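A.B. asks: coordinates only, no sequence provided:
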Ligand SMILES: Nc1ncnc2c1ncn2[C@@H]1O[C@H](COP(=O)(O)OP(=O)(O)OP(=O)(O)O)[C@@H](O)[C@H]1O
Ligand SMILES: [Mg+2]
């Protein structure tokens, strides 16, 4: 009954205003690109609209016609159609109204659930913040993966890169990072809350549905936006989705809040851009990618800044995901994005199958911030762990004397310590406890195949009996002398009793 | 506002639909066939329990 | 809310009230009969083993 009534409520308010608008006739439509004739005052990369309510962007301004890319399906545009200029550069809704909503590349709700109540709009193609607004990266972005929080730490405002082959565990790292922020977002202080944005480019709708249901299960859509430009979405949408998500995150950083955006992948935005550019007839380049393929990404990843306290203090981290071919990191787009970003996280299939998951190749993975953007406890412990693994990797290819035998033992113990499961990120203090137990020669007595057991068991013990110690480590943010003595006695007692 | 003849025309066809909805008008067999299809799908996905009152458990001690 | 989005609010109200009235059972200590064992120990470690030692 009231269903029809709320249906009427929609008619009750319409768009009576018909205006005198500039137009153009579609000389030629084919392959997703229209060649409009007219639109004399249409701007560059403006948003135009077609007679069927379908949008497009005027990308080419040639003397005789305007090359327009259609944001949607192309079968509905005929020749001699009508294109009306909307007089507005391409822009997307922004605000907290988008949190928990799945939206398409243009900010249209995609999961039903009504419309977006956004009260503001932001242009996708905005220039990056200057040199003066920024400030060096200070806080840590807690990822939950032990091997990332310890060996390749990520700060807030950094631009890490997750690069690997197909099916090595990149989206898994992204989802673990998203899920971990629940503990901070549930708390009270607003200086730790991190709103997450996930841009899904070229992924089939089933994958994004699995991902969204996984976030819902972990109750992580309270603060997540999902911008999906899946495979069946015209190339002009997969091209533009990263920029839409980056605007949704620029809104957060511009208002003193913190945001995390995860492009997934950028190697598919590159392909969509190449298709667009080849269908506008622009000359190809190397591997057929346009010449402006580096710019495409550099202008996009340069928006992940760390504003100083005069500009709000907000930040915007970025975790672009690249996909290499058989580990050929030396390809074109991989090298471009490698020389654009800060750190990197190399996932390798030889490590994925050898049992090391996440496959993070700690030997090659880097993080320019390194020291900074790491908690003092983690800084204390992960340093010694890093040295121990660095020494171990040198003498690992084989498998005598007591010193090097114990060095290999410690290396292997730490290696089996760094493993982890899926969608179970650990609090930083728990990581510190586990890594401390491992690196203070305690596990050297145990067999390596059993280490995982210990790990799990140990936490389930400390998480109940010694909540006070973990709270101490979190609050004070360091392993004080008394905290160290406690940790020592807890580990010594637990090891024997197990 | 009393001028948009299409506006009031849509509102009028609305009012007629409101009054005539004693049973889904112009339903056709597709109406019932669908209704049945997704009702059965939802029933299968949810469960087969006593879909009326609270079924009882009667557990077993350790 | 669950009652505010259902046509038969009465049926869900009845569900709610039956939930309010009906609770759940709890297990006991019959499986814990190992109680007896403790008493037996009170003989060895304190009467037989202790005295002989
Ligand atoms: N830490 C882990 N422990 C166990 N299994 C893992 C882990 N990380 C990833 N996997 C496994 O790897 C598979 C692929 O994961 P994921 O989708 O994260 O990789 P991907 O490279 O994003 O895949 P694609 O690139 O094809 O989307 C999953 O099926 C998952 O079971
Ligand atoms: Mg993936």
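C.D. replies: Cool, the structure landed. Numbering: from 1, shown residues only, chains lettered A, B, ... in the order given. Ligands and ions are numbered 1, 2, ... in the order given.
A.B. asks: ok, and the closest non-adjacent residue to the closest residue to chain C within chain B?
C.D. replies: Minimum separation of chain B from chain C (CB to the nearest CB) falls at residue B:61, amounting to 4.1 Å. Heads up, the C-betas are built off the backbone N, CA and C, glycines and all. Closest residue to residue B:61 apart from its sequence neighbours, by CB to CB, 6 or more residues apart in numbering or on different chains: residue C:27 at 4.1 Å.
A.B. asks: now residue A:122: phi and psi?
C.D. replies: phi -130, psi 140 (degrees, to the nearest 10).
A.B. asks: that one is in contact with residue A:94, isn't it?
C.D. replies: Yes. Between residue A:122 and residue A:94 a contact is recorded at 4.6 Å, counting by CB atoms under 8 Å.
A.B. asks: so what's in contact with the two at the same time?
C.D. replies: Here residue A:122 and residue A:94 have A:247, A:248, A:250, A:251 as joint contacts, going by CB atoms under 8 Å, 6 or more residues apart in numbering or on different chains.
A.B. asks: among the residues you listed, which one has the most neighbours?
C.D. replies: Counting neighbours by other CB atoms under 10 Å in any protein chain shown, residue A:248 leads the shared contacts of residue A:122 and residue A:94 with 28 neighbours.
A.B. asks: that one belongs to a strand, doesn't it?
C.D. replies: No. With DSSP: H, G, I helix; E, B strand; the rest coil as the criterion, residue A:248 is assigned helix and is not in a strand.
A.B. asks: show me the contacts for it.
C.D. replies: Applying CB under 8 Å, 6+ apart, the residues near residue A:248 are A:92, A:94, A:98, A:122, A:197, A:225, A:227, A:259, A:261.
A.B. asks: pick out the residue of chain C closest to chain A.
C.D. replies: Closest approach between chain C and chain A, counting by CB to the nearest CB: residue C:7, at 9.5 Å.
A.B. asks: list the contacts of the residue of chain B closest to chain C.
C.D. replies: Residue B:61 touches C:27, C:28, C:30, C:31, counting by CB under 8 Å, 6+ apart.
A.B. asks: just the buried ones among those residues, please.
C.D. replies: Neighbour counting by 16 or more other CB atoms under 10 Å in any protein chain shown classes none of the contacts of residue B:61 as buried.
A.B. asks: show me which of the residues you listed is closest to chain B.
C.D. replies: residue C:27 (4.1 Å).
A.B. asks: and the closest one, that one's in a helix?
C.D. replies: No. Using three-state DSSP, the assignment for residue C:27 is coil, not a helix.
A.B. asks: looking at it, it is touching residue B:62, isn't it?
C.D. replies: Yes. Here residue C:27 lies in contact with residue B:62, judged by CB under 8 Å, at a distance of 5.6 Å.
A.B. asks: now residue 44: closest residue in space that isn't a chain neighbour?
C.D. replies: All of this is about chain A. residue A:61 (5.7 Å).
A.B. asks: right idea, wrong chain: chain C
C.D. replies: residue C:50 (7.9 Å).
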